[PDB]
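just coords:
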Ligand SMILES: CN(Cc1cc([C@H](CC(=O)O)c2ccc3c(c2)nnn3C)ccc1Cl)S(C)(=O)=O
Ligand SMILES: [Cl-]
């Protein structure tokens with residue numbers, strides 16, 4: 001559509017913010033709060049509805065992992081509950097294929113999920129599909145050529161450089177070439193024929209490095225690093241440019257929004273979020289009201 005939507009996130013506690021950024025004019029709008037605060041969620045769009053998926057409410061009244069799927073209609077500026085997932089999934093990744101949402105990995109307490117389930121908007125129903133070969137939380141997910149990729153994350157013991165691909169018509173996961181960098185809570189998206197993995201956490205440092213996987217060559221190649229180190233960033237694509245939003249640099253919960261131009265191989269500062277935050281869900285759709 002036209003706007004980059006950021007939903008939820010974390011600063012001191014989980015957040016309920018929904019705000020939309022307009023690349024055309026640099027403006028931010030605050031829209032209807034989520035019904036429940038959540039960090040570690042993912043955002044996606046299907047048929048002009050924005051979806052907030054999974055996460056956890058980290059609050060002083062207690063911490064609760066979320067199995068929620070909530071539906072935002074930009075036409076009405078209202079959130080409605082949609083069907084809940086089979087399980088809570090904090091630090092989730094999601095991908096859309098053929099109008100269906102795949103919820104991938106994430107955690108529930110000390111449970112690190114390998115499980116994957118698929119939502120059908122037409123039926124408001126989730127169904128489990130084949131689990132990943134690896135347990136992954138903080139998992140990056142992208143879709144390219146109607147195949148679903150799960151990239152990096154944390155399996156309960158180790159942060160991962162591994163990645164795998166789901167073939168829907170085979171209901172089967174297979175490993176792909178591992179990344180050159182261990183990344184948990186990277187931003188993962190697709191641009192042209194490539195899966196990008198930006199930033200993340202390796203268990204010691206937050207990362208500025210960025211690498212991309214070419215499905216034709218099966219190789220990962222580093223591109224220019226981001227201006228900021230960041231883990232638990234939000235990421236999206238708007239008109240052939242990658243945007244990264246917020247995250248944590250080991251010192252600050254960033255308000256920084258950076259954009260990548262693949263033609264010049266450069267990252268630039270674009271705007272600041274209205275306040276610093278990590279673990280947001282991000283997606284692109286039409287302007288509201
Ligand atoms: C920080 N957020 C939660 C979160 C954590 C991690 C990972 C998990 C892991 O590798 O164990 C993580 C853990 C600790 C980190 C880290 C990343 N970066 N710095 N530090 C100290 C990945 C994604 C998300 Cl969304 S949130 C609460 O904002 O949603
Ligand atoms: Cl968390």
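All right, it came through fine. Numbering: from 1, shown residues only. Ligands and ions are numbered 1, 2, ... in the order given.

Could I get the full set of strands for the stretch 101-250 of the chain?
For the stretch 101-250 of the chain, the strands defined by DSSP state E, counting those that start in this stretch occupy 107-108, 111-112, 116-120, 125-128, 140-144, 147-151, 163-167, 172-176, 187-191, 194-198, 210-214, 219-222, 234-238, 241-245.

Nearest residue to the residue in the stretch 151-289 of the chain that ligand 1 sits nearest to in space, ignoring adjacent ones along the chain?
Nearest residue of the stretch 151-289 of the chain to ligand 1: residue 279, at 1.9 Å (CB to the nearest ligand atom). C-beta here means a position set from N, CA and C on the backbone, and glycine is covered the same way. Counting by CB to CB, 6 or more residues apart in numbering, residue 39 is the residue found nearest to residue 279 once chain neighbours are left out, at 3.8 Å.

show me the contacts for the one you found.
8, 9, 10, 14, 15, 55, 56, 57, 58, 278, 279, 280 (CB atoms under 8 Å, 6 or more residues apart in numbering).

List the beta-bridge partners for the fourth one.
In other words, residue 14. For residue 14, the beta-bridge partners under DSSP bridges are residue 10.

Give me every residue in the chain lying close to ligand 1.
Proximity of the chain to ligand 1, by CB under 6 Å from any ligand atom, involves residues 10, 39-40, 91, 138, 154, 159, 184-185, 201, 206, 231-232, 248, 278-279.

what's around residue 242, how many residues?
Counted with other CB atoms under 10 Å, residues neighbouring residue 242 total 24.

correct me, but it touches residue 197?
No: judged on CB atoms under 8 Å, residue 242 makes no contact with residue 197 at a distance of 11.0 Å.

State the number of residues packed around the residue of the stretch 151-289 of the chain closest to ligand 1.
Residue 279 has 30 neighbours, counted by other CB under 10 Å.

Ramachandran coordinates for it?
In terms of degrees, to the nearest 10, the main-chain angles of residue 279 are phi 60, psi 40.

Any idea which residue of the stretch 1-150 of the chain lies closest to ligand 1?
Counting by CB to the nearest ligand atom, the stretch 1-150 of the chain gets nearest ligand 1 through residue 138, at 2.8 Å.

Now do the contacts for that residue.
91, 152, 153, 154, 159, 184, 185, 186, 200, 201, 231, 232.

try 6 Å
91, 153, 154, 184, 185 (CB atoms under 6 Å, 6 or more residues apart in numbering).

Repeat that for residue 120.
Neighbour list for residue 120: residue 100 [criterion: CB under 6 Å, 6+ apart].

Report the beta-bridge partners for it.
Residues in beta-bridge contact with residue 120 (DSSP bridges): residue 125.

What of residue 190?
Bridge pairing for residue 190 - DSSP bridges - gives residue 195.

what number of residues lie near it?
By other CB under 10 Å, the residues close to residue 190 number 19.

Please report how far it lies from residue 36.
As judged by CB to CB, to the nearest Å, residue 190 and residue 36 stand 29 Å apart.

and if you look at residue 94?
17 Å.

wait, isn't residue 199 in contact with residue 230?
Yes: the pair residue 199 / residue 230 is scored as a contact, 4.4 Å apart, by CB atoms under 6 Å.

just to revisit the earlier point, counting neighbours, which of the contacts of residue 138 comes out on top?
Busiest of the contacts of residue 138 [other CB under 10 Å] is residue 153, holding 32 neighbours.

Which parts of this structure are helices?
Assigned by DSSP state H, the chain shows no helices.

which residue ends up closest to the midpoint of it in space?
Closest residue to the average C-alpha location of the chain: residue 42 at 4.6 Å, with CA atoms, centre = their mean.

give the contact list for it.
53, 92, 93, 94, 281.

Grab the nearest non-local neighbour of it.
In space, residue 42 is closest to residue 94, 4.1 Å off (CB to CB, 6+ apart).

ok, that neighbour - how many residues close by?
By other CB under 10 Å, neighbour count at residue 94 equals 27.

Perfect, that will be all.
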